Amino acid sequence: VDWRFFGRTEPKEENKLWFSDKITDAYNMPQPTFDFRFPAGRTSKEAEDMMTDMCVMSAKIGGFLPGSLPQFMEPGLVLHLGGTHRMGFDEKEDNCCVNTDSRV
Amino acid sequence: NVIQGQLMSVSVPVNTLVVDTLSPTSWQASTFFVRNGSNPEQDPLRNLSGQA
Amino acid sequence: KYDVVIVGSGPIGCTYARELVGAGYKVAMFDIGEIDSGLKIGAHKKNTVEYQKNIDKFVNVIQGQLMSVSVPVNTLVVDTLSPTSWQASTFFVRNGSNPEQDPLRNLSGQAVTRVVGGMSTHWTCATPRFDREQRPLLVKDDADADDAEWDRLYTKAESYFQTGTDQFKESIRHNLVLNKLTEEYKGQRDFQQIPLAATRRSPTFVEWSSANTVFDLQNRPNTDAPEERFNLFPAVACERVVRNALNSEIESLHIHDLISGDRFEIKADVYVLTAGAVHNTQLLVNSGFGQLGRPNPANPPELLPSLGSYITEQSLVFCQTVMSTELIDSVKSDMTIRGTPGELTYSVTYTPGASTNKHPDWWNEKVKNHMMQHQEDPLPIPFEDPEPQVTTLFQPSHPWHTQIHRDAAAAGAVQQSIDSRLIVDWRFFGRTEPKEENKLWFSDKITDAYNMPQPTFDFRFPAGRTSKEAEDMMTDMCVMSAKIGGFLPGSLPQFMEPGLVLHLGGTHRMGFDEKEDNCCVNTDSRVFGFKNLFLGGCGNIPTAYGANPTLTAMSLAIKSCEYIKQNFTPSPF
Amino acid sequence: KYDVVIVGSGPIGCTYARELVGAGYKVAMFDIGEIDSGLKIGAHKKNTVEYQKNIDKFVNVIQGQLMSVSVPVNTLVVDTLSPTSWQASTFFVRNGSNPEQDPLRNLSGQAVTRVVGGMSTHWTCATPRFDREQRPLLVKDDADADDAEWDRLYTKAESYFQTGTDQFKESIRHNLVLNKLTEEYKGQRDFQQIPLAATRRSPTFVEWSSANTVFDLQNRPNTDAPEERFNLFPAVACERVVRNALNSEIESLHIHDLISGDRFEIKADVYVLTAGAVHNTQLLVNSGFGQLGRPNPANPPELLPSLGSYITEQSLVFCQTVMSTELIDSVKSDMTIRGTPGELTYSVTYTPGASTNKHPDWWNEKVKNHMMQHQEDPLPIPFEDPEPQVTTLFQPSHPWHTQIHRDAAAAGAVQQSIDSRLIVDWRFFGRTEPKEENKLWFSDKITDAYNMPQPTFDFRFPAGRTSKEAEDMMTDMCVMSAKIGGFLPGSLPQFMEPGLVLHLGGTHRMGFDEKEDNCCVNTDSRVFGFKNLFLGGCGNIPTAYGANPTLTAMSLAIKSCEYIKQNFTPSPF
Ligand SMILES: *Cc1cc2c(cc1C)nc1c(=O)[nH]c(=O)nc-1n2C[C@H](O)[C@H](O)[C@H](O)COP(=O)(O)OP(=O)(O)OC[C@H]1O[C@@H](n2cnc3c(N)ncnc32)[C@H](O)[C@@H]1O
Ligand SMILES: *Cc1cc2c(cc1C)nc1c(=O)[nH]c(=O)nc-1n2C[C@H](O)[C@H](O)[C@H](O)COP(=O)(O)OP(=O)(O)OC[C@H]1O[C@@H](n2cnc3c(N)ncnc32)[C@H](O)[C@@H]1O
């Protein structure tokens, strides 16, 4: 049986997806680039709480299967990225790019 | 296998692995230059390497 | 001809050597293995200036003298040889594998060490006591008598090893982890330093204890003990003790000199086997005792039935952490920082003795200096800083032994890659119920490198409380380690190959009564029926224990030694 | 105060000791490492019954004492760490890596050994000679003269190391491989036993020679040598040779007693540095010879400019073959097999003395006995057959050394899956053009473990002849090896880490003239200008060599000793 536990991340201004003004990707568009680290504090705490939980919970069904021991996966492999064009009521006060109608 | 067939990495840092068992007749750079499409803007340590 | 002969030069054989040579006896000791630890015969091999400046590298010395006990026939399919290369059509016996061994009922990690000093020339030196729940009874119906007797043996045994609990008290890492775990378990669990057979010599040199510490193995008489009589004969494989037809006595020891090739017959008043848990059994089996061969409850043996049964070995989970960010910031929580590193104006200052400091003056002076003299270093922990040696001892609300420390590990790719100082090791040791069906037997057909019957194991972890405990233990390591840092990628929570831990017990087990406690030696460690045959080692422990056994095996050997000094007379000088 | 002091107790350290101690001198000898080998000091660690029965376990001991010379700053990305763990934002200098090191012009494999006896406590013992083309001239313009000198000096080295070529004549596998190869190369190529520094004792024990063979390292006078005077002081890091102002003489050796911690000045008449290619170079640079620091041509040193330059290390290709079916069948060609093995009708016979037999009676008697006594086993090679030690020596048309044999085997499944009798090792050793641009230098700010300037490599294999030859060498190993059998997976033809071969030379090289021959010692091994300072070891060898250097270093050492004897009186006893 597979266990996957999916933590949550505090949206933080300092974490960015930007594009290079000189580098280009395969389809000739500006190259995406990451400045991301998991926010210290609640996200970091929760994420390690999450691991210990997977170990507490999983133990009830059985022992780990070697070659698949409790681990953290590559950042981003989960493919659950969000907030890159985020939503709010007010652009300015809620720091966002679309409204709850999804309009820019 | 099919999944990995269509997960093309978003940002790959410039590789700095040391292969030093190459034959002396083979070409070797003196630098880790930008190659096989890695993104020289990428900080290998504040990446989302998995993002695809 | 001798008074006493010891087979084996481990810490335990030496325990007998020290008491008997000291008491006045004429003692011969044999070891199948040779002197190679340099001039201090049998000393701990980690006690060179090099290995203490290159700890990483010692793993290899340990790897190189762990010869596997029983290796099952390999059935890995290599289907990529060249068509011109020879290949058989069957998985036949090869490269010394053991055909008797069910690969799935094995203790594949089990290994043995044949070099003068034994395994004590490479051990981690953890020498804890067993609490009442892991201990065998030495007095019946008198738990205070039984407490006194053990407190007394263990205090004597600690002396012999130089066991101590404060050799690491000035490690910044040790205290950081020790303290954090104390805060965390706040009146639920007690933490203290691993007790350690070791004497600190300098801030950067520990002199680890060994068989050498217990007895210097130097032939006697000499200048320093000219009225003592002792001889260590290395490179001598002892093959067999010889019984009388009565089975009341041992008459002689048959040995095999591996330098000459020749065999001999040594005589002694007393015979003491300390050749190890695996090999004490072998010898005996090879000398009439117990059954030879695939065991057979149809035809059961007349001598020591229980020998090689109720064997125990510990479950071991293991994993490494990378110290948390919070914990690392805390190390330097007393410092005022101005400027930025590597500048002429960069300052790191603390105020000595300030009531609002969180660390003693000594710890801060180390931090401050290191930050000032190595401004290119992003960490507040000094370089030459000894490693943690943190334990929370087995209790029945957490029935396992724990080691939060650093021990010879072969750091791989992510592990020269993560800064040593961030790394901590976690080792939890489960206790195994002794069960009759768990066996160490010996082939009537196959044979080891020394033409002795081949060891074959028939072991599985008891279902029930040994197994429920084992997993509750893996889980506990996860819950607890999660307080110092996350897992070190490459060293994730895992069970280690069975026997790898090397704490096998009960192969020749102690008890008050032979049949009632299904055992092989009484509480003087003397074999039932025999008037002069004694046995030392972890194989004597009959109980379920998680803590490291050697101190307890010593303790029992001292007691056996008392019996010896009280029933046998030294021949005279 | 002594007549001679020796830095280093390796085999060349010990050549100098042997010669001078028995020539009446009073010799003091220091080594950084400790006595690490049992009661014969400097002895080979592989000479114990345990190892000769468990030879595979020995690879571990080697790695235990190969401490890497220069490790670049690691830049591996571990990005699966828990978010609570500490992570730097940089790849800072950590776990001792050398931030001067270019990871791409390194000798990553280069390592060193600190133990009394040096790398001779673990070495494979190949002691061949160099032909004219790998050989420095001892005499110019008289080839015959030169050959006379080298033969005389080589023969003495062979004497000291107990070199021979007979120890392996009665191995089947040896003979299988050597005969097949001779057949094939039809007089293009001589095949023979690797000359090996060792004496056999039983069919199953060899005494591998070492520093200890050359010289037994006991303090003197002793009973057997009451007239000789010699002292060995381990745990001492020699640090500095003190220069006169004239740069004509050394006035002392500054030493660091690692046990006490205290430092000392030791005075002598003759100073001999035998501390290894790397550390002979390191001590002299720490002593004001050569140039401390990143090398700087706009400021070239005036003392020993060529020191640390022209460094040669050998390219090394490796693989392992699983012997061909054809060759297993050939082993048993004289036998007349009937029945099916294991059944009662089954028989193997041979006609002894028969002139049509392909093998002798000893061979066939082993193959018969093995096959009748072990019907269960499918190969005709007996169980403890000695292993092959085949070589074809360096020649103009094939300018590399070749060893086809068995050394240090670290078993990774497909090498325990295959029966070890089938497995043969190939190692082919290329030669390198000495080139000024290839350097060993020392950092003026970084320090190593024993507090000395950090060595650093600027090495790449010269393009041109070395590069061409090195890849020719690979293809040759593939052509040659195919004749005995296909590669064994997990051991495919490869180039090894630069420097792992540990055949470094030219770091303190030899010539007739310092200037014109760009060198630091003369053919007496004396440092140019200095009256009483000699260097021993591969550092001396200036030329491009493929074969194993030790026996040539010892040759030069013996030559140097003779200068000494001709020019310095032993003090009176
Ligand atoms: C391997 C190891 C050991 C170990 C440890 C970590 C490692 C990697 N950490 C431990 C810890 O920190 N604290 C502790 O309590 N123990 C730990 N250990 C285990 C410990 O070293 C052993 O339990 C202890 O050494 C046992 O002592 P004992 O003296 O009873 O047995 P031995 O050390 O195995 O030595 C016995 C020897 O006698 C020999 N022998 C074998 N066969 C023969 C025959 N036929 N004839 C004569 N001698 C024989 C050996 O060669 C040997 O040295
Ligand atoms: C590692 C290895 C060696 C090797 C080989 C097998 C392996 C795994 N196979 C060989 C073989 O088939 N034949 C061959 O010719 N060589 C083989 N080698 C290498 C061989 O060991 C070396 O070529 C040779 O042993 C070098 O000997 P040398 O006499 O030049 O010195 P050394 O062995 O390196 O030891 C000298 C020592 O001096 C010490 N030392 C170093 N620095 C200091 C300072 N500062 N002060 C005091 N002593 C110092 C050492 O500790 C040391 O032991």
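Residues numbered from 1 in each chain as written, not as in the entry; some residues may be left out. Chains lettered and ligands numbered in written order. Part of a larger assembly, values for the part shown. Heavy atoms only, no water.

Structure determination for the deposited model, as stated in its record, used X-ray crystallography, and the stated resolution is 2.75 Å.

A. Just the site of ligand 1, in detail. Residue and element names in this part refer to chain C. Of all residues adjacent to ligand 1, which total 33 residues, the nearest are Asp31, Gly118, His122, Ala126 and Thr550. Note that an oxygen atom of ligand 1 is positioned 2.6 Å from one of the side-chain N or O atoms of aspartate 31. Within the backbone of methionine 119, an N or O atom sits 3.1 Å from an oxygen atom of ligand 1. Compared with its free state, where it exposes 1,000 Å², ligand 1 has 93% of that area covered by protein. Counting residues per element, the ones that place at least two in the shell around ligand 1 are α1 (11-23) and β11 (236-243). (Near = heavy atom within 4 Å. Polar contact = N/O pair within 3.5 Å; in protein donor to acceptor, adjacent residues only side chain to side chain. Areas by Shrake-Rupley, 256 points an atom, 1.4 Å probe, with all protein chains shown as cover. Helix = DSSP H or I, 4+ residues; strand = E, 2+ residues; numbered from the N terminus.)

B. Fine view of the relation of the copies chain D and chain C. Superposing chain D onto chain C takes a rotation of 180° plus a shift of 0.0 Å along the axis, which leaves an RMSD of 0.4 Å. Expressed as a symmetry operation, the mapping of one chain copy onto the other fits a two-fold axis. Take the interface residues of chain D: 100% of them recur as interface residues in chain C, which is what a same-surface contact looks like. (Least-squares fit on C-alpha atoms. Contact = heavy atoms within 4.5 Å.)

C. Expanded view of empty space enclosed by the protein. Summed over the entire model, instances satisfying the criterion amount to three cavities of 30 Å³ or more. Here the largest cavity defines a volume of roughly 270 Å³. Lining the largest cavity are 21 residues, and of these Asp36(C), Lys45(C), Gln65(C), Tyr51(D) and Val61(D) lie nearest its centre. Considering each element in turn, the lining of the largest cavity owes the most residues, three residues, to helix α2 (residues 49-53) of chain D. For the lining of the largest cavity, a count of residues per class yields nine nonpolar, five polar and seven charged. Looking at the second largest cavity, its volume works out to about 100 Å³. Lining the second largest cavity are 13 residues, and of these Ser417(C), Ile418(C), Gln87(D), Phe91(D) and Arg94(D) sit closest to its centre. (1 Å grid on protein atoms, 1.4 Å probe; cavity = no way out; pocket = protein on both sides within 12 Å on 5 of 7 lines; lining within 4 Å. Points joined across faces, edges and corners; volume = space filled by probe spheres on them. Nonpolar A, V, L, I, M, F, W, Y, C, P; charged D, E, K, R; others polar.)

D. Representation of the site of ligand 2 in the model. All names here are of chain D. Looking at ligand 2, there are 31 residues lining it, with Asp31, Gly118, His122, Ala126 and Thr550 nearest. Note that an oxygen atom of ligand 2 is positioned 3.5 Å from one of the backbone N or O atoms of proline 11. Considered on its own, ligand 2 offers 1,000 Å² of accessible surface; in the complex 93% of this is hidden by protein. Counting residues per element, the ones that place at least two in the shell around ligand 2 are α1 (11-21) and β11 (236-243). Considered class by class, the residues forming the shell around ligand 2 number 15 nonpolar, 14 polar and two charged.

E. Focus on helix α4 (residues 143-161) of chain D. Residue and element names in this part refer to chain D. In this model α4 runs 26 Å from its N-terminal to its C-terminal C-alpha over 19 residues, within 8% of the 27 Å that 1.5 Å per residue would give. Every buried residue belonging to α4 is among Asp146, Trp150, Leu153, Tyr154, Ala157, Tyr160 and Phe161, and all of these are buried. Looking down the long axis of α4, one finds its buried residues gathered within 110° of arc, a one-sided arrangement. Buried positions along α4 lie against α1, β5 (163-164), β7 (196-202), α6 (211-214) and α11 (550-565). Positive phi shows up at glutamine 162, right after α4, with a value of about 60°. (Expected span 1.5 Å × (residues − 1). Buried < 20%, exposed > 50% of the residue type's maximum accessible area, 1.4 Å probe, protein only. Arc of directions from axis to C-beta.)

F. Molecular detail of the sheet that holds β5(D). Residues and elements named next belong to chain D. Taking strand neighbours across the sheet as the criterion, the three strands line up as β5-β7-β8 in an open arrangement whose pairing is antiparallel. Single-partner strands in this sheet number two, and they are β5 and β8 (205-208). Bridge analysis of β7 against β8 gives four bridges, and the strand direction is antiparallel. Counterpart to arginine 200 in the pairing with β8 is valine 206. (Pairing = 2+ DSSP bridges.)

G. Inspection of the interface of chain D and chain C at higher detail. Contacts between the two partners involve 60 residues from chain D, matched on the other side by 64 residues from chain C. Across the chain D to chain C interface the summed buried area is about 5,300 Å²; carbon plus sulfur atoms make up 57%. Where chain D packs against chain C, one counts two salt bridges. One salt bridge in this structure joins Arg114(D) and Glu50(C), with 3.1 Å as the shortest N-O distance. Linking chain D with chain C are 31 residue pairs in polar contact, by the criterion used here. Put simply, the parts of the chain that give the side of chain D that touches chain C at least two residues each are α2, α3 (59-64), β15 (316-323), α8 (325-331) and β23 (485-487) of chain D. For the side of chain D that touches chain C, the per-class residue count stands at 26 nonpolar, 24 polar and ten charged. (Buried area = accessible area lost by both parts, 1.4 Å probe. Salt bridge = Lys/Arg side-chain N within 4 Å of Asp/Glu carboxyl O.)

H. Spatial organisation of the pairing of strand β15 (residues 316-323) of chain C. Residue and element names in this part refer to chain C. The buried fraction of β15 amounts to eight of the eight residues, a majority that puts the element mostly inside the structure. Of the two faces of β15, the one holding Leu316, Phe318, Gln320 and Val322 and the one holding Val317, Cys319, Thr321 and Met323 are both buried throughout. Alignment of β15 against strand β20 (residues 423-430), held across seven bridges, turns out to be antiparallel. Note on β20: the bridge partner recorded for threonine 321 is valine 424. Note: β15 against strand β24 (residues 494-495), two bridges, orientation antiparallel. Following the sheet pairing, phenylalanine 318 is matched in β24 by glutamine 494. Bridging between β15 and strand β23 (residues 485-487) involves three bridges; their strand directions are antiparallel. Residue pairing in the sheet places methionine 323 in a bridge with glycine 485 of β23.

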